[PDB]
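Listed below are the residues making up each chain.
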Amino acid sequence: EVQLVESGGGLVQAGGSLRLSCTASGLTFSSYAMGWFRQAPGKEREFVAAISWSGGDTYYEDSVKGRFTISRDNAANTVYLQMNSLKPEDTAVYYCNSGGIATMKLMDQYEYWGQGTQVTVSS
Amino acid sequence: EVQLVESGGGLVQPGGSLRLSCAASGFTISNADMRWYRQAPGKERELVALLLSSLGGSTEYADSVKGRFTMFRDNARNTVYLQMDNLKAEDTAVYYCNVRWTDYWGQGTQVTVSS
Amino acid sequence: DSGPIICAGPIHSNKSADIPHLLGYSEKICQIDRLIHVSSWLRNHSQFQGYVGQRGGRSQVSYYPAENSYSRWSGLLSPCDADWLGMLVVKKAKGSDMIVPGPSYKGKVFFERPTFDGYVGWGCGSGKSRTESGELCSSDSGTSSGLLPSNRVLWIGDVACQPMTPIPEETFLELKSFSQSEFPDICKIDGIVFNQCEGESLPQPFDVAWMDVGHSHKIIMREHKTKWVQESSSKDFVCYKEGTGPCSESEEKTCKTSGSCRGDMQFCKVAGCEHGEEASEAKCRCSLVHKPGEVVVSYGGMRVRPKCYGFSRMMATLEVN
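- Its PDB record attributes the structure to cryo-EM, giving the resolution as 3.62 Å.

Here's the deal with the state of the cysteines
No. 1: On inspection of all chains with the given rule, the structure shows ten disulfides over all chains.
No. 2: With a sulfur-sulfur separation of 2.0 Å, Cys 22 of chain B is cross-linked through a disulfide to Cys 97 of chain B. Disulfide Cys 22 of chain B-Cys 97 of chain B: torsion about the S-S bond near -95°, hence left-handed. Here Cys 97 of chain B lies in strand β10 (residues 93-99) and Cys 22 of chain B lies in strand β4 (residues 21-25), a separation of 75 residues in the sequence.
No. 3: Taking the relative accessible area as the measure of exposure, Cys 22 of chain B reaches 0% and is therefore buried.
No. 4: The disulfide bridge from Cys 239 of chain C ends at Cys 286 of chain C, spanning 2.0 Å between sulfur atoms. Around the S-S axis, the bridge from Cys 239 of chain C to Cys 286 of chain C shows a dihedral of about -75° and counts as left-handed. Of this pair, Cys 239 of chain C sits in strand β14 (residues 237-240) while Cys 286 of chain C sits in strand β15 (residues 285-288), and the two are 47 residues apart along the sequence. By the burial criterion, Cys 239 of chain C is buried, and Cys 286 of chain C matches it.
No. 5: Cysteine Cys 80 of chain C is unpaired, with the sulfur of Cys 161 of chain C as its nearest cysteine sulfur at 9.9 Å.
No. 6: Judged by relative accessible area, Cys 80 of chain C falls into the buried class, the value being 4%.

Quick look at helix α5 (residues 249-258) of chain C
Residue and element names in this part refer to chain C.
No. 1: Looking only at α5, the buried set comprises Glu 252, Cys 255 and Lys 256. Looking straight down α5, one finds its buried side chains confined to an arc of 90°; they lie on one side. For α5, the exposed residues set more than 90 degrees away from the buried face come down to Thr 257 and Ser 258.
No. 2: Of the surrounding elements, those touching the buried residues of α5 are α1 (25-33), β14, α6 (265-270) and β15.
No. 3: Where α5 ends, the next residue or the one after it, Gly 259, has phi of about 70°, a positive value.

What counts and what doesn't
- Residues numbered from 1 in each chain as written, not as in the entry; some residues may be left out.
- Chains lettered and ligands numbered in written order.
- Heavy atoms only, no water.
- Disulfide = S-S within 2.5 Å.
- Helix = DSSP H or I, 4+ residues; strand = E, 2+ residues; numbered from the N terminus.
- Buried < 20%, exposed > 50% of the residue type's maximum accessible area, 1.4 Å probe, protein only.
- Arc of directions from axis to C-beta.
- Contact = heavy atoms within 4.5 Å.

The following block contains the structure:
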């Protein structure tokens, strides 16, 4: 009955900045390690970022390491993802999920997905 | 003190019927879970039938004797029975009366099923 | 429920796949996460083939009671987890072992409870499942595919196992004297001879706090004040790769001793991290397990650190006159 509905999309311009949020309910936030995933149009899902329970350990995709910053707030059960220096190639629907700190890149154990937020960047 | 007597065994052709008995002295079966055991010659023991007075008095049988063994208890005569039906030659063993979670055991009776 | 420590739930394909013995501590933690230890235990003892914890992992293992204080802390190790790490051994159940009533035993394949002597685990054979009593294995089409979900595993008690600092015999005998003075109305616990008694009642369920300082038998207490302390030793850190899985022996030893592996700040002061460049995907990274530390118990005057501190269900024979 895990229900993690996210928000933060829009049509930000090239080089813009947007902040996404994902509220997780029905599951212990402070123990799960959350991650953000993307979906380019007409393509499968890719791992983007992850964060440990304490918020001290994060990893990114190599192409997006230069800008993104994922931080978590255990008080209101939200996981965030700063989007700095956007590029036109970042147009994708961002899905917030959870489960495991190491076994995160492989997108095979992921039952179910959030509604997702559509983020599109115009040149 | 606690003594369980065991009786009711004997010889019987396959497909017969027989009823065992197990008197309990020093305590009441109305509030004690009871198990029936059997040890065929040359091999170890295993559960046969349980009357879990702690689970609402529900009877319960092993898959090997299910559909052929019936277990029930009446508190008036302080005895527990095991009605056996459609006995095959595989059931020739010595049957024990054992109180759950304790080492009180019966002396054992021989039930032989053969032609 | 708590989260996985390292790895998410397994997705098993071949039910006869061999379970290797990986030396890495983080690899052992990942195996614990995927309920590989319970699968290997069932294979070794109960003639079982396949895996438990399929698609669910360790997060959704059944507990008795459902509300468990130590379950919500992922880093706290259960007796089975301690078994996979070599701390203790979970024995195969014998005829004399007692199965506590109250838990829902229908459909379970494995369930363990901490006894007054050691730790006992019951397991059902392949293609079989425990009945409602918990005393019998019966045929079941559900546990036939060879892959079973985590709801088939039951763990009894609010147990937490940890590294133990050894204590001498005099302290143990003083603690036993305190326990026997504090429990004058108990004669037998799980068939192990407690204080002398000429009159034995029927065994009854008994919920009581206990510790496993480590000797002939456990110590059960009624009054106690348990404190938690964080030492941030090498056991409190688990090192993993970027997204693939846990690191091997060599990488783990490199990061945990040489101090050239980046991670979080706690690991940075405890051991030392790598700084400067950031393209270290191959290099391992280490974080701290989500546990409140190790329990120090202040019971019977002088205070001790137990091996396992828990609140489980045992069997007691009360005194009669």
